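The block underneath contains the structure these notes are about, expressed in structure tokens.
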Amino acid sequence: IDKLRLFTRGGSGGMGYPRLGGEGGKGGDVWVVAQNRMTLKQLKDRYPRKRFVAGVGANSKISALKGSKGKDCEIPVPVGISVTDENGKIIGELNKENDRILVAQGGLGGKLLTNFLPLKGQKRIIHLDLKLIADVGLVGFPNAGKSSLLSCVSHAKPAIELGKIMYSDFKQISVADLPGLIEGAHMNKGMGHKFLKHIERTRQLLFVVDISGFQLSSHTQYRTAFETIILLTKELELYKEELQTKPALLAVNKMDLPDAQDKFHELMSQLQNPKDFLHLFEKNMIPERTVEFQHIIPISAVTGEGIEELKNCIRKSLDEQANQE
Amino acid sequence: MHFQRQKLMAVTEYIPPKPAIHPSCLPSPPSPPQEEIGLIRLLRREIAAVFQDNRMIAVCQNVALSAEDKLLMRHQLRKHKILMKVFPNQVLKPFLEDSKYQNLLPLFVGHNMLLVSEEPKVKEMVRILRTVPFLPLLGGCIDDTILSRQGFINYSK
Amino acid sequence: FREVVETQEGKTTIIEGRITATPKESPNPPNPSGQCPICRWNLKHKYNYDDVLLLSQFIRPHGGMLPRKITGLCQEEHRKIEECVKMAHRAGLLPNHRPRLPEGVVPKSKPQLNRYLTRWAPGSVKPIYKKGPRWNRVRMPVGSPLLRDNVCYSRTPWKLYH
Amino acid sequence: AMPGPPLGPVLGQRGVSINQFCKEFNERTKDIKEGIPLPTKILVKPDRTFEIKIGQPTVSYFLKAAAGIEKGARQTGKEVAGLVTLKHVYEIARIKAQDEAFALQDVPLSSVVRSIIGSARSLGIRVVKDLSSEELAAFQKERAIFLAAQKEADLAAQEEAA
Amino acid sequence: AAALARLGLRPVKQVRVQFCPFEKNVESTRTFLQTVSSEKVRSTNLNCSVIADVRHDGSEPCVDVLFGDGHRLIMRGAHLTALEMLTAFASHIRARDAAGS
Amino acid sequence: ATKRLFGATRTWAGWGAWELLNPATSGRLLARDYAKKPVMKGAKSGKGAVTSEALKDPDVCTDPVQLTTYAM
Amino acid sequence: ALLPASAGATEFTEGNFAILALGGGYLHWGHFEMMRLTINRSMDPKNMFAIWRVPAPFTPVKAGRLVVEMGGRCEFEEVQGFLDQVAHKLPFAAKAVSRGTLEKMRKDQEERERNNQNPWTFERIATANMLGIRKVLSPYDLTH
Amino acid sequence: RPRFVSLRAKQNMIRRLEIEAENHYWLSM
Ligand SMILES: Nc1nc2c(ncn2[C@@H]2O[C@H](COP(=O)(O)OP(=O)(O)NP(=O)(O)O)[C@@H](O)[C@H]2O)c(=O)[nH]1
Ligand SMILES: [Mg+2]
Ligand SMILES: [Mg+2]
């Protein structure tokens, strides 16, 4: 939640010298550099104006000619930055410190072709995305116990985010519990789609589905757990087809319910034969393809049931992916 | 500037005329008041009309009661057709000083309210006001006669 | 004045407010036509900082100043009296109007420096390290410009800067 | 305490948005919903009704129901499903003074109007101003001949909006 | 009003206020009665009671306060200001709360 | 159109009840058709000896105070 | 309402209610006139508000001279927000001025200059050549 | 170095002006 935007303008060139024929210095260029220890919010509250202008090329003197280029401006940003344009096209990616990208060029100097005038520079507007998502991304409906699952899986974490799963080998698996996955995603692509843009940069997806189904209101449709999974798959297909290529695991929560066993059995039957029930949904709700789950585990966030096995399965799946790649 | 020119400019400096007696400290001559006011005249007219029309008036202290409870009590009084009106004391004093009800001026102190009625439903008003025992019946007038809370109770009985 | 007295008998406390001697303006002022008390009693330009008898009639028991709306004074004379009260307090001419000290607070041993006609508060003045040249010499304020119009019986006017 | 909530008649929900509000006060959401449904069974479903809940120290609640919304009255009288996107730049609905009087004759029995004991003229003025907010225009005389064209234009505008 | 509501009503049981409306020395008593009857202070403890009685016997304006501690406080408003009476009442209430707790 | 002109569905809020048919203008009271169906009367049109004039002056003063405090 | 186009004393209100007052001398040109007229037309409404010029067409302007005057049915705050910007854009020190203060200031200055009680005046000394002071005095300063 | 006038300088100037004004009067008959 830190999407940024700046206005950049390269300085104009240098005024040439007509009688002799001297060129003026080229205008300063606009560059963005990757540095650590600072964040996008840090940049914003350092420079509230959000505008960067480089130097201006020196005019053509008579002691010297072909003037020196103006002092370029360097814009510091953190690592893992995606720089795009106002149209959203990705200008570049800065993944390591000292990565430098030119965004706006300075104006040319005062050549005779331009009547020795210092041609103006470039005006551009750039966007910043400080989002390099973790390896595991949690996807779940509201109240589907994503925060509770994160709190249970972490030694100590606030369940209202990013957390780490610790192993005996002192290995940490970086997980991201993303709230508001369904903030009218089918209707508000303005806010519930930044969630999908953040989650798209994750290697593994963990869907968390409540066993007791879900319902927004008494006047809203009661969708079962299988219906919730189908809705998740349809939303993923609508958002980005390439996201489904990543490995996905399923976790049916709230096993402490009295009917949880029968509900999970029914859900497993539906998973085994989904084609027999896909007609019940409209053609809009029918996904282009069905997501295959490497593992589906029943878990309970209250009784701390199956969490160790889920962590072991996640580690094994990550190891298998690494070995394959 | 030459020194002689500076001396001349210093000597030809404005000196204010000083009156013998300060205007602020001398007695202020009597001056006409405001010609008219949009709100004070309307308040006076409303007070006169209410006093002439309504025959029973009860002047009491308006405590800082909750608005919901105040509206409930106002509705209870309206069920017996009693109107609750509050006017500024700084404007009520000028009318009360020179009027038939001159002796009631001392009653209007602080936040005051008047329960008025053309029909002297004194018993009903007393029984409604008895719900809140902290509300004091400061004074009243019935048929252009000054009366206290004891007199109002006697009239009700 | 007015006093409040409390008496506790049989676990019952009763507090009563009584009047001993209510102050009031003396009858028949010399010039009743005046608007201010000063202009009624012909005291314009005829009081200074050390006139404790006059100054104490407008001060609260703890040294505070009574409001202009209560005293009926004019703006100019009220400011003059305020400045005179400040100067008298700083000179220590009002020993019985000390500020109220919270319990458990004992002032330390502080330097005892006699002073009078002190315009500013003693805690907000910078020592004059650089006097400057003769024509642009920095002067030390004494008194107050609000009393510049007071009656002077000598040829030389009051010097407000030493 | 007293809590006012606009709830659909016969459509009380144990879920949001009154669920957490009642739960914090410890009031029984299920009992409140059952009582509201029983009391609004006569009232048409989906009609927005004002519900006033009084809270006792022992988690005792006594519901009270007020008259339906005057905005709903204007919309249902002038036959527009939804109000205009803007105000005073376009006219969504179209009601008559007779319709305003008929609506006021029922709205005047509500808690606020009973407390105020106000003549129907002030209520009619308030309803007219509320209709002006709603973009509903009131005409002294009206007939179906022009009302049909107005309804057709409003339907066309709504179809364009959709 | 606000200060007395912040101090609430912890050890207070009953308050009675008497004054003469026909007199010209009951403005302070009326202000004290209004402050005591303010809904903010009363809502702190509905158990505590407040009553105002009006008489035409030309008696002095006085307020009696009976606390749950059986203590009794009498305040005469004839020559006592509203602020002074409120300060005295608040100090007495604080002392009674400290004694009870 | 015809239904809206002939009967009002809003007045009846009971399912069992029926929409109240419209009554002629003659039957209705005269004071009903003596209200400002146009925009509100201005201060100049409002007489100085009227409570509505002072209410509108107070509303304008509050609006001006709010506008001034907006930039604060 | 809108000011008439301009091609390439006067210190008192005559018709308007507010004005733009200049605190110092300056010169105005066609560019300044056209820019000011364009700004006024852009920031004004012809239905209610009227603006009038006071300086001659192309221009030397002295201190305290009102150049642009504004009238209609409006308050001082309604016009100050734009008249201050116009004054700042003016090539000399200028300010949005209101008659209720300008006339009071002028009357007070006139009263002070009439009630001056100095027996010796600069004009008197210069004209009578007292002290031989015209030995150190400008020839134009006798009237200046 | 700035220069400023004093009270007795003012008095001297004023008395000289008075003398010259009296001369003006006596040179008029
Ligand atoms: N009985 C039971 N309750 C559970 C279980 N998991 C979670 N809960 C309860 O359900 C609620 C979950 O809320 P929350 O932590 O916000 O989950 P969430 O999915 O992150 N909600 P959101 O997506 O809106 O942020 C909590 O009240 C929690 O105690 C479970 O396995 N069993
Ligand atoms: Mg959560
Ligand atoms: Mg205001």
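Naming scheme: A, B, ... for chains in displayed order of the structure tokens; residues 1 onward per chain; ligands 1 onward as shown.
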Give me, as a tab-separated table, each residue of chain G that comes within 12 Å of chain B, together with its shortest interatomic pair and the distance in Å at one decimal, counting only C-alpha atoms, with rows ordered by chain and rising residue number.
residue	atom	partner	partner_atom	distance
G:109	CA	B:14	CA	11.9
G:111	CA	B:16	CA	10.8
G:112	CA	B:16	CA	7.6
G:113	CA	B:14	CA	8.2
G:114	CA	B:17	CA	10.4
G:115	CA	B:17	CA	6.7
G:116	CA	B:16	CA	6.0
G:117	CA	B:15	CA	6.0
G:118	CA	B:15	CA	5.9
G:119	CA	B:12	CA	8.6
G:120	CA	B:12	CA	6.0
G:121	CA	B:12	CA	5.2
G:122	CA	B:12	CA	5.7
G:123	CA	B:12	CA	9.3
G:124	CA	B:12	CA	9.7
G:125	CA	B:8	CA	8.7
G:126	CA	B:8	CA	9.9
G:129	CA	B:8	CA	12.0
G:130	CA	B:8	CA	10.3
G:131	CA	B:8	CA	9.5
G:132	CA	B:4	CA	10.2
G:133	CA	B:4	CA	7.5
G:134	CA	B:5	CA	9.4
G:135	CA	B:4	CA	9.7
G:136	CA	B:5	CA	6.9
G:137	CA	B:5	CA	7.6
G:138	CA	B:5	CA	10.6
G:141	CA	B:5	CA	11.7
Keeping C-alpha atoms for every residue in the selection just given, could you write it to a file as a PDB file, in the first residue's frame?
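As a result, result24.pdb now contains:
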ATOM      1  CA  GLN G 109      -5.298  63.339   7.210  1.00  0.00           C
ATOM      2  CA  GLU G 111      -8.212  67.219   9.698  1.00  0.00           C
ATOM      3  CA  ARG G 112      -4.662  66.757  11.004  1.00  0.00           C
ATOM      4  CA  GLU G 113      -3.180  68.996   8.304  1.00  0.00           C
ATOM      5  CA  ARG G 114      -5.805  71.649   9.070  1.00  0.00           C
ATOM      6  CA  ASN G 115      -5.373  71.421  12.858  1.00  0.00           C
ATOM      7  CA  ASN G 116      -1.564  71.600  12.723  1.00  0.00           C
ATOM      8  CA  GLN G 117      -0.622  74.227  15.319  1.00  0.00           C
ATOM      9  CA  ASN G 118       3.017  74.816  14.365  1.00  0.00           C
ATOM     10  CA  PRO G 119       3.621  78.587  14.052  1.00  0.00           C
ATOM     11  CA  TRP G 120       6.523  78.037  11.627  1.00  0.00           C
ATOM     12  CA  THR G 121       5.939  76.158   8.378  1.00  0.00           C
ATOM     13  CA  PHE G 122       8.327  75.020   5.665  1.00  0.00           C
ATOM     14  CA  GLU G 123       6.463  76.986   2.994  1.00  0.00           C
ATOM     15  CA  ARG G 124       6.603  80.122   5.149  1.00  0.00           C
ATOM     16  CA  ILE G 125      10.344  79.795   5.774  1.00  0.00           C
ATOM     17  CA  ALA G 126      11.169  79.028   2.139  1.00  0.00           C
ATOM     18  CA  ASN G 129      13.941  83.310   2.930  1.00  0.00           C
ATOM     19  CA  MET G 130      14.229  83.239   6.713  1.00  0.00           C
ATOM     20  CA  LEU G 131      17.601  82.313   8.239  1.00  0.00           C
ATOM     21  CA  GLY G 132      18.932  82.603   4.701  1.00  0.00           C
ATOM     22  CA  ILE G 133      17.876  78.976   4.349  1.00  0.00           C
ATOM     23  CA  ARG G 134      17.539  79.170   0.566  1.00  0.00           C
ATOM     24  CA  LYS G 135      21.340  79.155   0.485  1.00  0.00           C
ATOM     25  CA  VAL G 136      20.938  75.401   1.017  1.00  0.00           C
ATOM     26  CA  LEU G 137      17.698  74.611  -0.852  1.00  0.00           C
ATOM     27  CA  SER G 138      16.748  73.435  -4.318  1.00  0.00           C
ATOM     28  CA  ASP G 141      11.935  73.124  -3.726  1.00  0.00           C
TER      29      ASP G 141
END
Report the closest atom pair, with its distance in Å rounded to one decimal, for each residue of chain F that has an atom no farther than 8 Å from chain B; count only C-alpha atoms, sort by chain and then rising residue number, and write it as a Markdown table.
| residue | atom | partner | partner_atom | distance |
| --- | --- | --- | --- | --- |
| F:48 | CA | B:38 | CA | 5.4 |
| F:49 | CA | B:38 | CA | 6.0 |
| F:50 | CA | B:42 | CA | 7.1 |
| F:51 | CA | B:42 | CA | 7.6 |
| F:54 | CA | B:39 | CA | 6.8 |
* Record the distance separating atom CA of residue 220 of chain A and atom CA of residue 284 of chain A, expressed in Å with one decimal. =>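 Separation of atom CA of residue 220 of chain A and atom CA of residue 284 of chain A: 17.8 Å.
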* Fewer than 3 positions away in the same chain doesn't count, so skip those; otherwise give me all residues within 12 Å of segment 34-43 of chain D, counting only C-alpha atoms, as a VMD selection string. => (chain D and resid 5 to 14 28 to 31 46 to 53 61 to 68) or (chain F and resid 12 to 17)
What does the file look like for those residues with N, CA and C atoms, as a short mmCIF file (atom, residue, chain, number, x, y, z; two decimals), in the first residue's frame?
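Done, and the output landed in out.cif:
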data_model
loop_
_atom_site.label_atom_id
_atom_site.label_comp_id
_atom_site.auth_asym_id
_atom_site.auth_seq_id
_atom_site.Cartn_x
_atom_site.Cartn_y
_atom_site.Cartn_z
N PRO D 5 -31.62 3.77 14.42
CA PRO D 5 -31.11 3.03 13.27
C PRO D 5 -32.19 2.92 12.20
N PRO D 6 -31.81 3.15 10.94
CA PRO D 6 -32.72 2.99 9.82
C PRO D 6 -32.63 1.55 9.33
N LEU D 7 -33.68 0.77 9.57
CA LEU D 7 -33.70 -0.65 9.27
C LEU D 7 -34.89 -0.98 8.38
N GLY D 8 -34.66 -1.86 7.41
CA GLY D 8 -35.74 -2.30 6.53
C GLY D 8 -36.80 -3.05 7.33
N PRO D 9 -38.07 -2.71 7.08
CA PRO D 9 -39.17 -3.37 7.77
C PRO D 9 -39.22 -4.86 7.41
N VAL D 10 -39.35 -5.70 8.44
CA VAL D 10 -39.45 -7.15 8.34
C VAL D 10 -38.19 -7.79 7.78
N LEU D 11 -37.11 -7.03 7.65
CA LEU D 11 -35.84 -7.52 7.12
C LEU D 11 -34.71 -7.23 8.10
N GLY D 12 -34.98 -7.40 9.39
CA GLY D 12 -33.94 -7.24 10.39
C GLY D 12 -32.88 -8.31 10.21
N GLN D 13 -31.62 -7.92 10.35
CA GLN D 13 -30.49 -8.81 10.10
C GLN D 13 -29.67 -8.96 11.38
N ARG D 14 -29.42 -10.22 11.77
CA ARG D 14 -28.47 -10.48 12.85
C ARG D 14 -27.05 -10.08 12.46
N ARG D 28 -29.42 -8.17 22.86
CA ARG D 28 -29.67 -9.42 22.15
C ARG D 28 -30.05 -9.12 20.71
N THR D 29 -29.13 -9.41 19.78
CA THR D 29 -29.40 -9.19 18.37
C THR D 29 -30.54 -10.07 17.87
N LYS D 30 -30.55 -11.35 18.27
CA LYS D 30 -31.59 -12.26 17.81
C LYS D 30 -32.96 -11.84 18.34
N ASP D 31 -33.04 -11.50 19.63
CA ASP D 31 -34.30 -11.06 20.21
C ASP D 31 -34.77 -9.76 19.57
N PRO D 46 -38.99 -4.21 3.07
CA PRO D 46 -38.00 -3.35 2.42
C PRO D 46 -38.24 -1.87 2.70
N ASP D 47 -39.29 -1.52 3.43
CA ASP D 47 -39.56 -0.14 3.78
C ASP D 47 -38.65 0.31 4.90
N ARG D 48 -37.93 1.40 4.68
CA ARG D 48 -36.98 1.92 5.66
C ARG D 48 -37.74 2.52 6.84
N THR D 49 -37.57 1.93 8.02
CA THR D 49 -38.23 2.38 9.24
C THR D 49 -37.19 2.79 10.27
N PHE D 50 -37.46 3.88 10.98
CA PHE D 50 -36.59 4.30 12.06
C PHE D 50 -36.89 3.48 13.32
N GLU D 51 -35.85 2.88 13.89
CA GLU D 51 -35.96 2.08 15.10
C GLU D 51 -35.13 2.74 16.19
N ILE D 52 -35.78 3.05 17.31
CA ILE D 52 -35.14 3.63 18.48
C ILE D 52 -35.06 2.57 19.57
N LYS D 53 -33.85 2.29 20.03
CA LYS D 53 -33.59 1.30 21.06
C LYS D 53 -33.12 1.99 22.33
N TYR D 61 -33.66 -4.01 26.49
CA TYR D 61 -33.92 -3.11 25.38
C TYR D 61 -35.41 -3.09 25.06
N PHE D 62 -35.92 -1.90 24.76
CA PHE D 62 -37.32 -1.71 24.39
C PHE D 62 -37.36 -0.98 23.06
N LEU D 63 -37.69 -1.70 21.99
CA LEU D 63 -37.68 -1.11 20.67
C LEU D 63 -38.89 -0.19 20.46
N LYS D 64 -38.71 0.79 19.58
CA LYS D 64 -39.78 1.68 19.17
C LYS D 64 -39.64 1.97 17.68
N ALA D 65 -40.77 2.02 16.98
CA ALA D 65 -40.78 2.19 15.53
C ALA D 65 -41.42 3.52 15.16
N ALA D 66 -40.76 4.26 14.26
CA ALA D 66 -41.25 5.53 13.78
C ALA D 66 -41.84 5.37 12.38
N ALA D 67 -42.36 6.47 11.83
CA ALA D 67 -42.96 6.45 10.51
C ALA D 67 -41.90 6.27 9.43
N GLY D 68 -42.34 5.81 8.26
CA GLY D 68 -41.44 5.57 7.14
C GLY D 68 -40.82 6.88 6.65
N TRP F 12 -50.24 4.65 1.26
CA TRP F 12 -50.53 3.34 1.83
C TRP F 12 -49.22 2.58 2.02
N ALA F 13 -48.92 2.23 3.27
CA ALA F 13 -47.74 1.45 3.60
C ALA F 13 -48.08 0.03 4.05
N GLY F 14 -49.35 -0.35 3.99
CA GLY F 14 -49.81 -1.67 4.39
C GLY F 14 -50.11 -2.49 3.14
N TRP F 15 -49.65 -3.75 3.14
CA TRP F 15 -49.89 -4.62 1.99
C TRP F 15 -51.37 -4.88 1.79
N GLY F 16 -52.11 -5.08 2.89
CA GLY F 16 -53.55 -5.33 2.78
C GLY F 16 -54.31 -4.10 2.33
N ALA F 17 -53.81 -2.90 2.64
CA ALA F 17 -54.48 -1.67 2.27
C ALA F 17 -54.29 -1.38 0.78
#
* Record the distance separating atom CA of residue 95 of chain C and atom CA of residue 57 of chain C, expressed in Å with one decimal. => 14.8 Å
* Asked: What are the residues of chain E that have an atom within 7 Å of an atom of chain B, counting only C-alpha atoms, as an MDAnalysis selection string?
  -> chainID E and resid 21:22 24 27 34 37:39 50:54
* To do: List all protein, DNA and RNA residues that have an atom no more than 12 Å from any atom of ligand 2, counting only C-alpha atoms and all ligand atoms, and report them as a ChimeraX atom specification.
  => /A:138-151,157-162,176-182,208
Just the selected residues (N, CA, C and O atoms), exported as a tab-separated table (two decimals), in the first residue's frame, please.
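New file out.tsv:
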chain	number	residue	atom	x	y	z
A	138	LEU	N	-1.11	-15.61	1.07
A	138	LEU	CA	-2.37	-16.13	1.57
A	138	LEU	C	-3.54	-15.41	0.91
A	138	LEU	O	-3.56	-14.18	0.85
A	139	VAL	N	-4.50	-16.19	0.41
A	139	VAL	CA	-5.69	-15.64	-0.23
A	139	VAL	C	-6.92	-16.24	0.43
A	139	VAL	O	-7.07	-17.46	0.50
A	140	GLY	N	-7.81	-15.37	0.91
A	140	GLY	CA	-8.97	-15.83	1.67
A	140	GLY	C	-10.01	-14.73	1.72
A	140	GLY	O	-9.69	-13.54	1.60
A	141	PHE	N	-11.26	-15.14	1.90
A	141	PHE	CA	-12.35	-14.20	2.08
A	141	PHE	C	-12.25	-13.49	3.43
A	141	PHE	O	-11.43	-13.84	4.28
A	142	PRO	N	-13.07	-12.46	3.60
A	142	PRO	CA	-13.16	-11.80	4.90
A	142	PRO	C	-13.68	-12.78	5.94
A	142	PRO	O	-14.54	-13.63	5.66
A	143	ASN	N	-13.15	-12.66	7.16
A	143	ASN	CA	-13.46	-13.52	8.30
A	143	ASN	C	-13.08	-14.98	8.06
A	143	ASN	O	-13.40	-15.84	8.88
A	144	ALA	N	-12.40	-15.27	6.94
A	144	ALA	CA	-11.96	-16.62	6.63
A	144	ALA	C	-10.74	-17.04	7.44
A	144	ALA	O	-10.10	-18.03	7.09
A	145	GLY	N	-10.38	-16.27	8.47
A	145	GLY	CA	-9.39	-16.68	9.46
A	145	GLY	C	-7.96	-16.62	8.93
A	145	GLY	O	-7.10	-17.37	9.41
A	146	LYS	N	-7.70	-15.77	7.94
A	146	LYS	CA	-6.32	-15.59	7.48
A	146	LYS	C	-5.44	-15.00	8.58
A	146	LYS	O	-4.33	-15.48	8.83
A	147	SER	N	-5.94	-13.97	9.27
A	147	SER	CA	-5.16	-13.37	10.36
A	147	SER	C	-4.99	-14.34	11.51
A	147	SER	O	-3.92	-14.42	12.12
A	148	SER	N	-6.05	-15.09	11.84
A	148	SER	CA	-5.94	-16.08	12.90
A	148	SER	C	-4.93	-17.16	12.53
A	148	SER	O	-4.16	-17.62	13.38
A	149	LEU	N	-4.93	-17.59	11.27
A	149	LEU	CA	-3.97	-18.58	10.82
A	149	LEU	C	-2.55	-18.04	10.92
A	149	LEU	O	-1.63	-18.76	11.33
A	150	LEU	N	-2.34	-16.78	10.53
A	150	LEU	CA	-1.02	-16.18	10.66
A	150	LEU	C	-0.58	-16.11	12.11
A	150	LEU	O	0.58	-16.40	12.44
A	151	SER	N	-1.49	-15.72	13.01
A	151	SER	CA	-1.15	-15.64	14.43
A	151	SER	C	-0.81	-17.02	14.99
A	151	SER	O	0.13	-17.16	15.78
A	157	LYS	N	2.53	-12.87	16.69
A	157	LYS	CA	2.19	-11.91	15.65
A	157	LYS	C	0.79	-11.37	15.91
A	157	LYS	O	-0.08	-12.08	16.41
A	158	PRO	N	0.59	-10.10	15.57
A	158	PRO	CA	-0.71	-9.46	15.76
A	158	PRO	C	-1.64	-9.82	14.61
A	158	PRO	O	-1.32	-9.60	13.44
A	159	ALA	N	-2.81	-10.36	14.94
A	159	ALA	CA	-3.83	-10.70	13.95
A	159	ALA	C	-4.86	-9.58	13.87
A	159	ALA	O	-6.04	-9.75	14.19
A	160	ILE	N	-4.39	-8.42	13.44
A	160	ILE	CA	-5.20	-7.21	13.32
A	160	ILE	C	-5.89	-6.87	14.64
A	160	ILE	O	-5.29	-6.96	15.71
A	161	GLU	N	-0.25	-7.85	5.99
A	161	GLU	CA	0.81	-8.12	6.95
A	161	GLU	C	1.74	-9.20	6.41
A	161	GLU	O	1.37	-9.99	5.55
A	162	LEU	N	2.97	-9.21	6.92
A	162	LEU	CA	3.98	-10.18	6.53
A	162	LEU	C	4.51	-10.89	7.77
A	162	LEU	O	4.69	-10.27	8.82
A	176	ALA	N	2.83	-13.86	3.37
A	176	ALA	CA	2.11	-12.59	3.37
A	176	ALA	C	0.62	-12.86	3.54
A	176	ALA	O	-0.01	-13.46	2.66
A	177	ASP	N	0.07	-12.42	4.67
A	177	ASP	CA	-1.37	-12.48	4.90
A	177	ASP	C	-1.98	-11.16	4.44
A	177	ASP	O	-1.81	-10.12	5.09
A	178	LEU	N	-2.69	-11.20	3.32
A	178	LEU	CA	-3.23	-10.01	2.67
A	178	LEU	C	-4.71	-9.86	3.01
A	178	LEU	O	-5.53	-10.70	2.61
A	179	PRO	N	-5.04	-8.79	3.73
A	179	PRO	CA	-6.42	-8.49	4.08
A	179	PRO	C	-7.15	-7.84	2.90
A	179	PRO	O	-6.53	-7.29	1.99
A	180	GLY	N	-8.48	-7.96	2.93
A	180	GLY	CA	-9.37	-7.30	1.99
A	180	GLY	C	-9.25	-7.88	0.59
A	180	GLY	O	-9.30	-7.14	-0.40
A	181	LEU	N	-9.05	-9.20	0.49
A	181	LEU	CA	-8.98	-9.85	-0.81
A	181	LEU	C	-10.29	-9.68	-1.58
A	181	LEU	O	-10.29	-9.58	-2.81
A	182	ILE	N	-11.41	-9.65	-0.87
A	182	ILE	CA	-12.73	-9.46	-1.47
A	182	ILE	C	-13.33	-8.17	-0.93
A	182	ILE	O	-14.23	-8.20	-0.08
A	208	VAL	N	-7.23	-20.07	1.77
A	208	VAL	CA	-7.83	-20.41	3.05
A	208	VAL	C	-9.34	-20.29	2.90
A	208	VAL	O	-9.86	-19.19	2.70
* **Near-ligand residues for ligand 3, threshold 8 Å, only C-alpha atoms and all ligand atoms, as a ChimeraX atom specification** => /F:58,61-66
* To do: Enumerate as a PyMOL selection string the residues belonging to chain B that approach chain D to within 7 Å, with only C-alpha atoms taken into account.
  => chain B and resi 71-72+74-75+78
* Do a neighbour search on segment 132-146 of chain D at 6 Å with only C-alpha atoms, toss out local chain neighbours closer than 6 positions, and write the hits as a ChimeraX atom specification. => /D:87,91-97 /F:2,5
Could you turn the residues from that selection into a file that holds N, CA and C atoms, as a PDB file, in the first residue's frame?
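Final file, again07.pdb:
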ATOM      1  N   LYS D  87     -28.726  17.586  -8.037  1.00  0.00           N
ATOM      2  CA  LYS D  87     -29.827  18.375  -7.497  1.00  0.00           C
ATOM      3  C   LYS D  87     -29.839  19.761  -8.140  1.00  0.00           C
ATOM      4  N   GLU D  91     -34.378  17.189 -12.747  1.00  0.00           N
ATOM      5  CA  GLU D  91     -35.540  16.848 -11.934  1.00  0.00           C
ATOM      6  C   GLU D  91     -35.840  15.365 -12.102  1.00  0.00           C
ATOM      7  N   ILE D  92     -35.750  14.611 -11.005  1.00  0.00           N
ATOM      8  CA  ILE D  92     -35.980  13.172 -11.083  1.00  0.00           C
ATOM      9  C   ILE D  92     -37.462  12.837 -10.993  1.00  0.00           C
ATOM     10  N   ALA D  93     -38.147  13.385  -9.995  1.00  0.00           N
ATOM     11  CA  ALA D  93     -39.506  12.981  -9.685  1.00  0.00           C
ATOM     12  C   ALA D  93     -40.469  14.158  -9.880  1.00  0.00           C
ATOM     13  N   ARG D  94     -41.739  13.927  -9.553  1.00  0.00           N
ATOM     14  CA  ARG D  94     -42.776  14.930  -9.787  1.00  0.00           C
ATOM     15  C   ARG D  94     -43.972  14.595  -8.908  1.00  0.00           C
ATOM     16  N   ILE D  95     -44.191  15.389  -7.866  1.00  0.00           N
ATOM     17  CA  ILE D  95     -45.299  15.185  -6.947  1.00  0.00           C
ATOM     18  C   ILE D  95     -46.185  16.425  -6.897  1.00  0.00           C
ATOM     19  N   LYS D  96     -47.322  16.287  -6.218  1.00  0.00           N
ATOM     20  CA  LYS D  96     -48.304  17.353  -6.105  1.00  0.00           C
ATOM     21  C   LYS D  96     -48.472  17.770  -4.650  1.00  0.00           C
ATOM     22  N   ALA D  97     -49.037  18.967  -4.464  1.00  0.00           N
ATOM     23  CA  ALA D  97     -49.314  19.454  -3.116  1.00  0.00           C
ATOM     24  C   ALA D  97     -50.312  18.561  -2.392  1.00  0.00           C
TER      25      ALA D  97
ATOM     26  N   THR F   2     -50.554   6.936 -15.723  1.00  0.00           N
ATOM     27  CA  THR F   2     -51.959   6.916 -15.332  1.00  0.00           C
ATOM     28  C   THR F   2     -52.123   6.440 -13.895  1.00  0.00           C
ATOM     29  N   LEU F   5     -50.945   9.211 -11.531  1.00  0.00           N
ATOM     30  CA  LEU F   5     -51.899  10.314 -11.478  1.00  0.00           C
ATOM     31  C   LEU F   5     -53.154   9.934 -10.701  1.00  0.00           C
TER      32      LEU F   5
END
* Which polymer residues have any atom within 9 Å of an atom of residue 19 of chain E, counting only C-alpha atoms, with same-chain residues fewer than 3 positions away left out, as a list in words? -> residues 23, 25, 26, 29, 30, 52, 53, 54, 55, 56, 58, 59, 60, 61, 62, 63 and 77 of chain E
